[PDB]
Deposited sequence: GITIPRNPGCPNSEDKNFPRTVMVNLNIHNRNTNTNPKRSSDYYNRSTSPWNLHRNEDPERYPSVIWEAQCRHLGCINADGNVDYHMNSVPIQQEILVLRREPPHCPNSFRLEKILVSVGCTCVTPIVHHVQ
């Protein structure tokens, strides 16, 4: 079954996505059955990277930085219950050199 878990969320704006040489878009993901209810998934804008001159350079690549996060999901309609869940999310992108 379940377990009582205390909420302590209440406790005691970056523009990197635009300024990065591997810039990315933020796709809003809304889910009423999930906590957080909204997640912004990073999507790399380019295959290459932006060089010092401000142009697309294909000698390098924009790749997503990903991690596994803990998430709450609302259980079937006994209701008022949740389940722990792990998902993979993209938080941003970085510029890497090809494996050569």
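Asker: What stretches of this chain's deposited sequence are missing C-alpha coordinates?
Answerer: Missing from the model are residues 1 to 19, 32 to 39, 105, 129 to 132.
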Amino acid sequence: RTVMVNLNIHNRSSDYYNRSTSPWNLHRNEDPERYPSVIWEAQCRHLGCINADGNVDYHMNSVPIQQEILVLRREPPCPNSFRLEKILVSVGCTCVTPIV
From here on, numbers count along this sequence of modelled residues.
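Asker: Would you determine, from the values in the PDB entry, which of 50 to 58 and 23 to 31 has the greater average C-alpha temperature factor?
Answerer: According to the entry, 50 to 58 carries the higher average C-alpha B-factor.
Asker: Using only the Cα atoms and their B-factors as the entry lists them, report which of 90 to 98 and 1 to 9 averages higher.
Answerer: Looking at the record's C-alpha B-factors, the answer is 1 to 9.
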